[PDB]
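Here's the structure we're looking at; comments come further down.
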RNA sequence: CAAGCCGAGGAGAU
RNA sequence: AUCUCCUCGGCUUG
Ligand SMILES: Nc1ncnc2c1ncn2[C@@H]1O[C@H](COP(=O)(O)OP(=O)(O)O)[C@@H](O)[C@H]1O
Ligand code: ALF
Ligand SMILES: [Zn+2]
């Protein structure tokens with residue numbers, strides 16, 4: 001019961017035979033269906049040729065594999081060919097390499113394939129080679145960039161093609177190369193002010209994919225323009241003239257402190273510059289081992305973060321933020337006990353804690369304007385999406401909807417969604433839970449979704465009525481793909497932000513960028529095949545040379561692997577904590593210090609199962625990892641400082657890998673008895 | 001369900 | 001060439 005549309009056939013017509021190419025069309029245009037038709041045709045062709053038919057699909061997002069397998073690929077091609085879908089959630093009880101030759105239609109996340117290839121290179125596992133496949137398909141080709149996943153794969157493919165081209169003039173024997181297909185909407189641009197640079201970017205993409213063409217549609221183009229409707233653009237601007245009372249009280253506290261330790265901002269409050277100088281102050285103070293400098297800088301950084309959320313968020317949230325913060329601080333110090341600097345700071349806070357708590361309840365905003373727009377549009381509808389920067393923002397919006405009685409009066413449903421993985425002060429969602437909330441939305445049980453970048457790509461929905469960004473602009477690709485998800489016959493696109501910032505300017509950029517994309521695409525579609533080949537070959541060669549250079553510099557990077565040359569100190573107090581040798585490793589990942597001569601030092605805490613460690617000052621250090629019955633105390637380099645044996649250059653890495661010198665794996669024979 | 005390692009991209013600054 | 005903030009994927013342990 002497979003179906004196709006005219007423009008679909010037109011755009012794919014080259015690839016139906018040979019022509020490893022790309023496809024560029026707006027969202028929800030049957031790209032997936034195009035791919036499915038091509039898969040079926042390609043395999044049928046292989047069978048009629050008495051030749052092995054292997055296909056594979058690659059998606060950046062884990063959600064997307066399940067989506068494609070569920071709704072598009074498995075249904076149509078189930079009867080004809082075996083199909084299977086893989087991801088991180090899935091368990092490859094068989095393995096990858098084996099299923100490569102079992103199900104004959106693979107769908108997989110990228111890093112899986114790469115991992116198998118890399119293992120093959122290592123020889124640890126049988127692994128897999130490109131030859132095994134006959135047709136490699138891709139989605140969201142735009143990711144194919146300097147060190148992106150896809151690009152790693154393609155770099156291998158390109159290398160092999162160069163070898164085959166070398167053989168072409170040396171020896172008849174050659175190694176097969178699978179046909180490569182590409183599927184995207186916006187190949188995107190590398191932030192090029194000029195359109196010549198943009199067309200160069202495009203050509204770089206094509207070369208990274210052995211494109212031979214972009215091959216967009218022209219003839220049925222009108223049918224598509226009719227078929228697909230663009231949401232009406234809407235600018236929303238709100239200025240934070242109010243909020244002076246509360247914010248200014250806090251700003252005065254900040255000034256008090258910068259004077260309290262001679263902190264010259266050299267910039268304003270409510271930005272990143274201030275944060276970054278605060279961090280550089282922290283760096284300097286650790287290089288000094290001095291207090292009142294990194295600690296005060298860190299507290300000021302916390303305050304600036306509170307302010308910057310205030311720029312877009314209800315102040316109550318910032319008060320809760322810092323309330324929890326200093327709560328933990330007091331708990332740490334009491335646990336340690338069970339100086340003037342911290343005393344000044346904590347008291348300085350608590351002196352205004354309750355008063356500022358009272359202030360936080362006062363009204364007077366962008367949030368109000370957003371509520372108005374949402375309510376109005378929902379009444380107009382008689383589904384909704386929100387994008388913004390931070391998960392915390394999504395939660396705050398959900399609370400704002402929950403508490404505000406007007407939204408209840410409207411009856412609009414709403415729930416927040418955020419990305420999998422833990423991001424430090426947010427409860428990490430679950431892939432399963434993401435599916436749940438998504439279906440709740442797709443079942444009408446949720447009418448107003450909240451999401452981060454993850455939602456911007458894929459997440460195909462039949463029809464969404466409202467799309468509203470809230471103070472979120474990064475790059476045109478993000479914005480355009482976000483607009484694509486509107487998907488309703490009558491769609492609306494909104495963008496909210498302050499008028500002081502250049503956010504609106506960035507929006508206008510992305511508009512101009514969209515224009516430039518076509519301006520360049522039409523310049524390349526109408527290009528010489530020979531000149532096209534020359535440019536693409538040069539770009540592919542350049543990319544491969546760059547990768548080789550990067551590999552060589554990386555190889556020369558880590559060569560020291562010194563056993564014990566150092567001393568690890570606490571960073572608040574420059575107190576000795578460990579030595580170069582007393583450390584040991586487990587899982588070739590973690591580090592630990594047994595030899596309870598260390599144990600005489602550290603302190604423990606736990607509240608709410610791997611308990612946390614803290615210093616004799618109160619500095620946080622690490623966790624108590626349960627491994628093989630042992631409660632090994634594992635520490636994070638991110639919260640300590642170095643001193644070499646010689647010349648004492650104080651340094652700091654945040655990641656053990658940064659450090660070339662090596663430590664040994666633990667031998668339990670020591671701990672016996 | 002918790003914790004940890006690595007890689008990547010983009011926003012901002014040098 | 002380099003630093004900070006937000007997102008993706010994979011890997012391990014409980
Ligand atoms: N042969 C066809 N005839 C009509 N509509 C189709 C056909 N194939 C796919 N579609 C439509 O295309 C949509 C899927 O588009 P898809 O390519 O998956 O989105 P995107 O292009 O954003 O990845 C479906 O909602 C379906 O209605
Ligand atoms: F391939 Al699309 F939106 F165009 F997921
Ligand atoms: Zn300490």
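These residue numbers are counts, starting from 1, taken along the chain as shown.
Determined via electron microscopy, 4.3 Å.
Each residue, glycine too, has its Cβ placed from N, Cα and C.
Among the features that Swiss-Prot reports, domain 'Helicase ATP-binding' is placed at A:12-205, with the record citing sequence analysis.
DSSP classifies residue A:491 (phosphoserine) as strand under the three-state reduction. Its Cβ taken as reference, residue A:491 (phosphoserine) is surrounded by 20 other Cβ atoms within 10 Å in the chains shown. Feature annotation from Swiss-Prot assigns phosphoserine to A:491; the stated evidence is similarity to another entry.
Residues or ranges marked as Zn(2+) binding site by Swiss-Prot on the basis of sequence analysis: A:570, A:573, A:615, A:617. Other Cβ atoms within 10 Å of the Cβ of residue A:573 (Zn(2+) binding site), summed over all protein chains shown, number 15. According to DSSP, residue A:573 (Zn(2+) binding site) sits in a coil region rather than a helix or strand.
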- Query: To the nearest whole angstrom, what is the C-alpha distance linking residue A:491 (phosphoserine) and residue A:617 (Zn(2+) binding site)?
  - Reply: 57
- Message: So the entry has no coordinates for 10 residues flanked by residue A:608 and residue A:609. How far apart are their C-alpha atoms in Å?
- Response: 9
- Message: Near ligand 3, meaning Cβ under 6 Å from any of its atoms: which of the recorded positions A:491, A:570, A:573, A:617 fit that description?
- Response: A:570, A:573, A:617
- Task: Name, in the order they occur in the sequence, the residues of the same chain whose CB lies under 8 A from the CB of residue A:617 (Zn(2+) binding site) and which sit 6 or more residues away.
- Result: A:336, A:570, A:572, A:573
- Message: For the missing segment of 3 residues, report the Cα-Cα distance in Å between the flanking residues residue A:364 and residue A:365.
- Response: 7
- Item | List of residues, in chain order, with Cβ under 8 A from that of residue A:615 (Zn(2+) binding site) and at least 6 apart | A:336, A:570, A:572, A:573, A:575, A:602, A:603, A:621
- Item | Residues close to Zn(2+) site centre defined by A:570, A:573, A:615, A:617, Cβ within 8 Å | A:571, A:572, A:575, A:616, A:618, A:619
